[PDB]
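Remarks on the structure that follows.
Values quoted throughout were computed directly from the atomic coordinates according to the rules given, and no laboratory measurement underlies them. Neighbour counts are summed over all protein chains in view; Cβ atoms, including those assigned to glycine, are modelled from backbone coordinates with ideal geometry.
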Amino acid sequence: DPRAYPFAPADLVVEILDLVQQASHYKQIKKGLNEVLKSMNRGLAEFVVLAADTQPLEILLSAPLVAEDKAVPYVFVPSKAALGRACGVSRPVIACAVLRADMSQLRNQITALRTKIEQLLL
């Protein structure tokens, strides 16, 4: 789907899902479209991850648009099911926000990845 841009190449997908898992382990994730739109508006989201196989895709298309307006880096991954697993849940997750952590190695990881995702949009 061409509206599912930027689309993370496979290596990046892996790095995203592995970091989501770690973040969710420390509750540095919001799941679901509503909480994500909200994290972005309130300046709480370091970056946003969207599921390209969301059905229909129109459900989440306000997210890239709020992200652009708030300059929150966002990226599409191919699978909402995979993203659910990484968030620690057995149902699909179509959107999630990786939150801002206090100084720590986790923050450092999150920040590093945020910069990677930033550069997709440049």
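Couple of notes before you dig in:
- Residue in region 83-92 that is within 13 Å of the chain's Cα centre (by Cα), crowded, with 19+ Cβ neighbours inside 10 Å and either of a type in the set (D, E, K, R) or closer than 19 Å to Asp1 by Cα (or both) present: yes
- Selection of region 35-47 for residues being in contact (Cβ under 8 Å) with a residue 12 or more places away in the chain, assigned to a helix (DSSP H, G or I) and not polar (S, T, N, Q) yields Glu35, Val36, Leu37, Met40.
- Test: residue in region 7-19 that is part of a strand (DSSP E or B) and either closer than 16 Å to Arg114 by Cα or within 14 Å of the chain's Cα centre (by Cα) (or both): yes
- Filtered by the rule that a residue be in contact with a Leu (Cβ under 9 Å, 6 or more places away or on another chain) and among the acidic types (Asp, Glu), region 29-73 gives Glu46, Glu68.
- Residue that is of a type in the set (A, V, I, L, M, F, W, C), within 19 Å of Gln119 (Cα to Cα) and assigned to a loop (DSSP other than H, G, I, E, B), where the choices are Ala71, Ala67: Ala71
- Subset of region 44-78 (residues that are exposed (fewer than 15 other Cβ atoms within 10 Å of the Cβ), more than 14 Å from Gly32 (Cα to Cα) and small (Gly, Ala, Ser)): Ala71
- Checking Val98 against (1) outside any loop (DSSP other than H, G, I, E, B); (2) touching a strand residue (DSSP E or B) at 6+ places or on another chain (Cβ under 6 Å); (3) free of Cβ contacts under 8 Å to residues at least 40 places away in the same chain; (4) not aromatic (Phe, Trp, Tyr), the condition it does not meet: (3)
- Close pairs (6 angstrom Cβ cut-off, 6 or more residues apart or separate chains): surrounded by fewer than 21 Cβ atoms within 10 Å (Cβ to Cβ) in region 22-34, of a type in the set (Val, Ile, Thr) anywhere: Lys31/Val93
- Residue in region 52-59 that is closer than 19 Å to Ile117 by Cβ and not in a loop (DSSP other than H, G, I, E, B) present: no
- Enumeration of residues in region 74-95 that are part of a loop (DSSP other than H, G, I, E, B) and of a type in the set (D, E, K, R): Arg91
- Of all residues in region 1-21 being of a type in the set (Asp, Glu) and touching a residue at least 24 places away in the same chain (Cβ under 8 Å), the one that is nearest to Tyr74 (Cα to Cα): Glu15
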